[PDB]
Amino acid sequence: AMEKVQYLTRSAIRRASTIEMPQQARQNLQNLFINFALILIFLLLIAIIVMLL
């Protein structure tokens, strides 16, 4: 029974490199994250401004 835990770890960091090789999926999926973050930040920002008053 080999560890294989170490390998997964090495591959885990590789992703930091090319977590998403596709030049489209890298931005499309990330776009959702970025866009998805804007919705969260915008909603959170109004809350703070509203609460600020």
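Looking at segment 4-12, can you tell me whether even one residue there is more than 19 Å from the chain's Cα centre (by Cα), exposed (fewer than 10 other Cβ atoms within 10 Å of the Cβ) and in a loop (DSSP other than H, G, I, E, B)?
Yes - at least one qualifying residue is present in segment 4-12.
Report, ordered by the first and then the second residue, all pairs with beta carbons closer than 8 Å, sequence separation of six or more or different chains, a first member in segment 29-53 that is closer than 27 Å to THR18 by Cβ, and a second member that is surrounded by 10 or more Cβ atoms within 10 Å (Cβ to Cβ).
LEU29/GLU20; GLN30/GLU20
Is there any pair with a first residue in segment 3-15 that is without any contact (Cβ under 8 Å) to a residue 60 or more places away in the chain and a second that is surrounded by 10 or more Cβ atoms within 10 Å (Cβ to Cβ) and not in a helix (DSSP H, G or I) whose Cβ atoms are under 6 Å apart and which are 6 or more apart or on different chains, and what are they?
Here the result reads none, with nothing in segment 3-15 linked to a residue that is surrounded by 10 or more Cβ atoms within 10 Å (Cβ to Cβ) and not in a helix (DSSP H, G or I).
Read-outs throughout are calculated quantities, based only on the coordinates presented, and are distinct from any laboratory measurement. Please note: Cβ atoms are built from the backbone with ideal geometry, for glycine as well, and neighbour counts cover all protein chains shown.
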